[PDB]
Amino acid sequence: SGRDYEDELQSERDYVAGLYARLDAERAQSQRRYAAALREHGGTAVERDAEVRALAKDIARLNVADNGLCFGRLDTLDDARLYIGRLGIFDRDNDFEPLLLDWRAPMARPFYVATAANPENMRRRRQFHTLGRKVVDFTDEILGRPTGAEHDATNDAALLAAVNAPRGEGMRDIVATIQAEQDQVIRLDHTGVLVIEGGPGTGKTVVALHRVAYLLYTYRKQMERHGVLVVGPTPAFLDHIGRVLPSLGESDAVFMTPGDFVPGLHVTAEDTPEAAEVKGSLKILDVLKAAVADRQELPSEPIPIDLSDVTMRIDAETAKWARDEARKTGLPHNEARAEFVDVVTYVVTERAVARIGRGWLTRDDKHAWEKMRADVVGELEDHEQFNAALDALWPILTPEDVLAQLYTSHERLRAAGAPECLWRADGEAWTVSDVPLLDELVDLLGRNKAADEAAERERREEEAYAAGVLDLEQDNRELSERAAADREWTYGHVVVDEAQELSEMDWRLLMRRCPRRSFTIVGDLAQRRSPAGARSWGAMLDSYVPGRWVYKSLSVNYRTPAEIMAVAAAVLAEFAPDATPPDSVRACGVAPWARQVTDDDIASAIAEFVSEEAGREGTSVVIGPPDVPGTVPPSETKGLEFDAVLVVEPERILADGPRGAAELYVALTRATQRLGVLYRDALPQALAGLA
């Protein structure tokens, strides 16, 4: 929040004001020539129409360009400013010297594809954060070595500069190694599935976003009409992403979590318990298929038919035959009602005419059509018993009700190979783990036709009666909204951060979303808090992308101090240890600390932290168990960073779960400058490092 930043912000605001002025003037003269061409134009009708349309396209392009004109700027090594935007603005006076580049130019390229190790000729890159016409703030991104940069929104520059480590080979001058790793991730040519499993303190999310920018520019022609689906653990993290997200020029993202994969409902992480780990697994499919067959109930008592002469014709033989044949076509349930009814009616008309009507003595022209027709019709209209009977046997049903009629009955459950740990009182306390079971069910059940016809009919005669009854579109919503309102959407790319928190069924859904398999999976298995988890990547991916997925890593740590992380090393030296130290560098000058609390001198101690951090200018979120007030769990800080962090009661949160020490290792690490702990009486003994 310095002063030089204010100077620069005002300068850039002035420049963008000038650009908007020129845009206003071009709209002015274009509307003027438009009015003119419209009135007379002098010439011919076809020339007139052509000029009209051309000026209309100009008007529209400029109108749109009013919303976030300048994306950012480039400073090259020869000190030549470049300004990037969604519109090219040149000065007709100085030989068309670019005042604003279009991002689609071969000269605005070192803004999507330039790194700090393979730049093109650049020294810097700025992004501007606009609302509609105003430059709120900006962020520099130096393509080289930083010393101190006023504002970045991620402070990467001041951390990349405070790297104090022993002289020597020193991992090849720490900075260069980080930059080259990032370059490898971003300038990579796979256009398929990449994994960036790294760890804490290495900027894997920013790297993934730069990667997505590189891809959406390079292949902006297969994408640019598909989107970028970015899932995440929490909307806080998703807004963070949306806030430091690069251009994605003329494309649009769609943010999500596990919980809103469905059109319409936004589960607030009810988190059905660990037994639902059998839901984050593909075996469950059988259960669904077995719970969608127990709905083809077979008649035990014979259903009475009363077509004015006919005896009850449907019974275990008839229903069995029809259900078998309906299962004998290979297609959904609600579209299979068709064959069920075709067969029941076939065997209740052709096999009731020659019995109950009169009998035999006519082999044509009466049996074939007439009694055929009468029986058929009298049956098709019986919307009282015949149709109620079918709805009793072959019910037209929906995903939102099967889970409920299954998770409670305890008999339909047993008839599905299903276990009994998934039983719960309410059948609509929908959790995160039963979302992908609702998106999978719309594809087993599908969608009927008859009901839809009748429904839209009634709807038509309801919109026609409200206004006037004698009966006898263009909304071009933006990409995000046209997409999120459709599960039958195929994106062109998919980012996934903290992707270890997902389940086989989640990836099944995602890979049904992106068939191009252009994911950018981020994560760290050892930061997992989920009993469906990964425990390895090949598990979930080889089933979709075998041998065709790349695994890149980010080994160095610079965004998380070396002191804060020496402890988390031991906190992770448990759990079948792995490369737990990502070569921590950036030794700070502050060591962490501790404080022994009494029963309820607790708020009197967190308030000190809070009101002193208020004296700072950095985020200071506190973490703790749910019972305590004023402190949040460690599961909403899943993929964020803060400036100073205070975790209280390490042990209750450690024991909170089967993998709770992972929540602790997560929470000791969100910090980047300072960390404090408050322990009641005893430590988990892996925290002696704190004093």
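Across the range 3-10, rounded Karplus estimates of 3J(HN,Hα) from the backbone phi angles (6.51 cos²θ - 1.76 cosθ + 1.60, θ = phi - 60°) give 9, 3, 4, 5, 3, 4, 4, 5 Hz, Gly and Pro being marked x.
The C-alpha radius of gyration of the range 182-289, expressed as a fraction of 2.2 N^0.38 Å, stands at 1.29. Normalised size of the range 348-436, defined as Cα radius of gyration per 2.2 N^0.38 Å with N residues, equals 1.81.
Size descriptors for the range 43-86 (Cα atoms only): Rg and Dmax, in that order, 17.3, 53 Å. At a temperature of 37 °C and a viscosity of 0.692 mPa s, determine how fast the chain diffuses translationally according to Stokes-Einstein, using the Kirkwood radius over alpha-carbon pairs as Rh; express D in µm²/s, rounded to the nearest whole number. For the chosen part, D equals 108 µm²/s.
Distance from the C-alpha centroid of the range 561-613 to that of the range 154-174: 22 Å, rounded to the whole angstrom.
For GluC sites (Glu not before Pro), the sites in the range 1-104 that DSSP calls loop and that have at most 10 other Cβ atoms within 10 Å are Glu40.
About its Cα centre, how strong a charge dipole does the range 607-687 have in debye, to the nearest 20, once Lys and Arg get +1 and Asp and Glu get -1 at the Cβ?
Numbers: 7 positive and 13 negative charges, 46 e Å.
So the dipole magnitude of the range 607-687 works out to roughly 220 debye.
Extension gain for the segment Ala451 to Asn155, taken as residue separation times 0.36 nm less the Cα-Cα distance, is 100.8 nm to one decimal. Measuring nothing but how far apart in sequence close Cα pairs (under 8 Å, 6+ apart) lie, relative to its length, the range 166-294 scores a relative contact order of 17 percent.
Please compute the Kirkwood hydrodynamic radius of the range 602-668 from all pairs of different C-alpha atoms, in Å with one decimal. Each step should come with its number before you reach the end.
On the way: mean 1/r = 0.0811 Å⁻¹.
For the range 602-668, inverting the mean 1/r across all distinct Cα pairs yields 12.3 Å.
Fully extending the segment from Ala176 to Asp66, taken as 0.36 nm per residue of separation minus the present Cα-Cα distance, adds 35.6 nm.
Taking amide hydrogens as placed 1.01 Å from N in the peptide plane, the amide H of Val195 sits under 5 Å from those of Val550, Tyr551, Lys552, each at least 5 positions away in sequence or on another chain.
Our summary gives the range 136-221 a relative contact order of 18 percent, counting only alpha carbon pairs under 8 angstrom and 6 or more residues apart. If you model the range 63-102 as an ellipsoid using its alpha carbon gyration tensor, with each semi-axis the square root of five times an eigenvalue, the axes come out at 19, 15, 5 Å, biggest first. In whole Å, how far is the Cα centre of the range 283-345 from that of the range 247-267? Cα centroid to Cα centroid, the span is 39 Å.
With the biggest extent put first, the Cα atoms of the range 1-92 measure 60, 25, 20 Å across the principal axes.
What is the Cα convex hull volume of the range 122-208 when expressed per residue in Å³?
149 Å³
Each Cα pair of the range 1-156 feeds into the Kirkwood radius, which the Stokes-Einstein equation turns, at 10 °C and 1.306 mPa s, into a diffusion coefficient of 90 µm²/s.
When Rg and the Kirkwood radius Rh are both evaluated on Cα atoms of the range 236-329, their ratio Rg/Rh stands at 1.28.
Taking the square roots of 5 times each eigenvalue of the Cα gyration tensor of the range 507-650, largest first, gives ellipsoid semi-axes of 36, 19, 15 Å. Per-residue 3J(HN,Hα) values for the range 553-564, derived from phi via the Karplus relation 6.51 cos²θ - 1.76 cosθ + 1.60 with θ = phi - 60°, read 10, 9, 8, 7, 10, 10, 7, 10, x, 7, 6, 3 Hz in sequence order (x marks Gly and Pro). The alpha carbon centroids of the range 378-429 and the range 490-560 are separated by 35 Å.
Computed on the Cα trace of the range 80-226, the radius of gyration divided by the Kirkwood hydrodynamic radius gives Rg/Rh = 1.00. For q = 0.22 Å⁻¹, what log10 I(q)/I(0) does the range 411-532 give under the Debye formula with an equal point scatterer on each alpha carbon and no solvent? With no solvent term, the Cα-only Debye profile gives -1.36.
Here is how the number arises for the chain: DSSP H runs of 4 or more residues each give -39500 (n - 2.57), the sum is divided by the residue count, and the result at 222 nm is -11000 deg cm²/dmol. Of the trypsin sites (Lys or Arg not before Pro) in the range 315-381, the ones in a loop by DSSP (not H, G, I, E or B) with at most 16 other beta carbons within 10 Å are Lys328, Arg358, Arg363, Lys366. The alpha carbons of the range 164-224 give a radius of gyration and a Dmax of 14.5, 48 Å, in that order.
Diagonalising the gyration tensor over the Cα atoms of the range 275-410 and scaling each eigenvalue by 5 before taking the square root yields semi-axes of 36, 14, 12 Å, largest first.
In percent, rounded to a whole number, the relative contact order of the range 65-112 is 29, using alpha-carbon pairs under 8 Å and six or more apart.
No Cβ is skipped: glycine too gets one built from the backbone with ideal geometry, and neighbour counts run over all protein chains shown. Taken together, the values in this text are just the output of simple stated rules run on the coordinates, not laboratory data.
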